[PDB]
Every structure is written in C-alpha cells, then in structure tokens.
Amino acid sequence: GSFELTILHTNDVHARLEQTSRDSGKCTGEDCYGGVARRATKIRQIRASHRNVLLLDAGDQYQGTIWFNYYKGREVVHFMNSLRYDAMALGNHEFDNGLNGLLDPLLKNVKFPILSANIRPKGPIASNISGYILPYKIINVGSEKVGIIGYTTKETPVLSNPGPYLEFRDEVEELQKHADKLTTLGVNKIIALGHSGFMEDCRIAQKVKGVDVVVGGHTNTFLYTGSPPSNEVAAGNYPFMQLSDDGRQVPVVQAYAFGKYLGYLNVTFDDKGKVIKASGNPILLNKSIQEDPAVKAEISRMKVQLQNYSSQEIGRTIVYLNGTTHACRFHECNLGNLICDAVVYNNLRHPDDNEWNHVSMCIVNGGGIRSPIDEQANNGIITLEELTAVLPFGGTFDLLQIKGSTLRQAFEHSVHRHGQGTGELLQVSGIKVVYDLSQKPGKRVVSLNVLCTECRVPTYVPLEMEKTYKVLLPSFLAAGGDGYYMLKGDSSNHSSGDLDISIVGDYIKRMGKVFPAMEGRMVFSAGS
C-alpha cells in the first residue's frame, strides 16, 4: 500500500503576527501577505481536503516585531495553540530571553511537543527542561506512526542567550542516535525537523540513516519548483532532493521566512516507510486567501494593547539626540553612537577561547537614522514611538564575517561621495576611523583601528587586511543597501539578529538616563 502525508510547515516567522507588505514590513493595506489570520484559513482549508496532515514549525517564531517585545512569546503560544501545530523545533532566537524566557511562556504553555535532540542541559536546569524539550516525538497520523526528531543550530550560544547550562551537540551525531532508536521501536517514517540552515539540512539528509524528510529553517531558504510567484528567487527546486549516502532521495524543504509562505509538501510512502514521491510548493499567503475573522479579531484586540505599550516611557535623554540628516550623513552623530553602543551591548555573549566577546564593533549608515529625538520636546521622555521615528523600517542588526580589506573598502564607500547628503556615512562603535577628504575618492581612509576581541582588556589595534573580523550592521546594509555591495551577506558569513528598536529600547531602559557624546570615533583630517 501507500500512505500519503501532507506536511505543512513554517520557519523563521519572526513575530510577523499581522499581515505584512511584500517585503515583510508594515503593510499599507492594498497588497498584504502572511500573518497568522491568513495562515489559519489556509491550514483549515487543507485539513478539510487532505486526509493526513502534519503542521510543523522549524523554529525562530521568537524575535522580529514589537509583538515579541511586548508579549515575549505569549503571542507565539497563543496562535501556535489556536492553529494547532503538531510540533516545533527550537531555533536560536527562542533563547533570546534566556532559559527563563523560553521556559515561561513557551515551554510551559504550548499544547504540542517542543523538540531538539542535540541540546543537553546541565546543573539545576537538568531535571525538568528534560521534560519540556524532547529529542523526538512519535505522532499518530491516521493509522500510522510518524517520528519527528528535532535539532537546533550549534551557533546558538554565539547568536543568542542560552546560558552556561546548555551544550549544543553535533546534529548528525545526535539525530543518528534517535533515528536508530525510532527504527528499533518500529517507526519507519522519520522526519527531521530543525533549525540549523540549508547546508546542515542537506548534511542530515545525506548522512542520517533512516531520515525520510528534512524540514529546516534558519537560513530563510526559498525553494520553488517552476516559476516563483513573488520577488523571492529560488535557491533550488521544492523539495530539494538530496541523495543520501545509502542511495535514497531525501526531500529537503524550507519555506523562506516571516510567514509569507506556508510550506506544503505531499509525501507518499510505501508500506515500509520509503519515500516513493515528494512534491509540492510553498503556498504564497497573498490577498486571495481571506484572513480568518476570529484570529483577526484576536490580533486586533492585542494590537490595541501594543499601541498603549508603545507610548510608555522607556527612559530619558538629557541631551539632544541628533539624528538629523545634517549630522548623521556628514559627521559623527551622538545618536548613531548610542545606536551602535546598544547593538554591541545586545550581542555580549558567552565568551569562549581567548576572547572577551566574539564581536566588538558595530556600524550603522547615517541614512538608517531617520529622526532626531528632541530632549526639549517632552522632558526627554523616550518611548517606542520616538524610537520608531528614528528606526521606522523594522530591520535588525546582524552579524557579518568580513576580511579587513573588505571592511576598509566599506569605509572608503562611507565617504566616497561625502557632502552629497546621501546615506552612506558610517556611524560606529568599537571603531576609530580617520579620513582625509582632500584625497581622491577611494583613497580617503587614513587609518582604521578596531577594538580587539582576542584580548583580556579591549583596546584599539590597527585593522589587518587579511584578518577576518565580526561586525554588527543593519540588515539594510547586509542586503547591500546604499551601494554597500561588499557588505552583502549570505549563509556562509552572515547571521540575522534582533529587532533594531528592541535593541535600542532595551539599552535605554537599562541606562535609564542617556547622554551620548560626539567623541571622535570618526575624525576628518585637515590634510596637507
């Protein structure tokens, strides 16, 4: 006989609770995409027309919009419960608020298993986190059993805040143990569900004996068979058919990010649990699919709370925060210094092997700073509304691995048309740059010194052209914005981080009073 299973899947939704623009920002109202209300409609229609359906999430529901800033995962619990997900693997961002912020609210209130086979808890954490996170789950689907093994990127201690009591083991090694276990228990249909990126997903498909399907995330990979429907370009067919070492074709799927698509894969197994066929395509959640009215009403109710929250005092500034174009696009601006200082602070993580932290530096282009904050306007009170005026686009600050020569090329771009009022000029933290604008464009960087990481006391050292560095930068620049083609990231050198206004808001909340100065992080030499 055969057994047809429909796998619906999401990954890297990243707090897009409401429908979004085409590019996963704020929707204006005419052409909108995604959101949980529209996903609910499509999920319900498929469940009504398809016999055997699993709905899986491959991680990174946490982090991305003010929904996550305020509800802190309560929004994930709520709508993943109401949509009746069958399983979720943990992603790196589920650790952003530490283990306490993962335990409460997500682990204690979801109605479906949370899976990650390659996490090992230590210390007082041990006892029950072992009960809230499972390596795998056997799920009854019709008259059959389907085993789902979870996994989470080994990069999590560097990307997030899992703490000292969590070790992240090799995905292939750990998945192979639980695949053998499932097989020994008689389960012949095994899904690997996890959050380590497309390259690792294909390694799992290739090397883990007994894995039939891999459902991944982390790299926002878009796969599509045929001509795709929106502006995402396919990295390969859907599903991506990876040849295993033992000769089977193993379908690998991911479904981009931000809830724009619902993954949709039809897998036919024979009676021995071997995949005979796997076909489908991610469903674009566009305007043709109605927003479920009951979900929409819950979103609306919760939005009024979010609007009240956005007007609350986070902290105060006792200085003018000069985010005017005349400052941040022409010279050192104290608001840019504050932003990149906040970004560095948010990325302080468990320092391994001879570094006080894995990253010491941040850049933000003046064109990304969209407003000043006037301390005279309202007693210097900073709310999320003021921060949204400065950073209105809902982007993130990401981590980029970059050679010294490329970073120097970026600082030449920073001033190659200085004076024109365009947005290139880089505001910085952990960098000292000296320019000579009297030289020809492309030869204006006099010197670059950076905070060492491989040292016990941070101190400024000359940039080395052949050394590789980590730098924090806005997602806009990591996409090549403002002509920064050399800062464009890919899966091999780039990691997507936290919401910009959440980063800045958290820092202001901690400082209570802010007073950033112009301190000479960039210097314009008078030349000869």
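The first residue of the shown sequence is 1; numbering continues from there.
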Regarding 502 to 510 and 8 to 16, which shows the higher C-alpha temperature factor on average in the entry? 502 to 510
Between 218 to 226 and 134 to 142, which has the larger average Cα B-factor in the PDB entry? 134 to 142
Return the residue from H78, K260, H413, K209 that has the highest Cα B-factor in the entry. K209
Candidate residues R408, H331, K287, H195, the one whose C-alpha B factor the record puts highest: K287
Sorting by Cα B-factor within the chain, modelled residues only, which third would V523 end up in: lowest, middle or highest? middle
Split into thirds by Cα B-factor across the chain's modelled residues, where does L384 land: lowest, middle or highest? lowest
Taking the chain's C-alpha temperature factors as the reference, tell me which third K432 falls into: lowest, middle or highest. lowest
Ranked against its chain, the third holding the CA B-factor of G423: lowest
Should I66 be placed in the lowest, middle or highest third of its chain by the C-alpha B factor in the entry? lowest
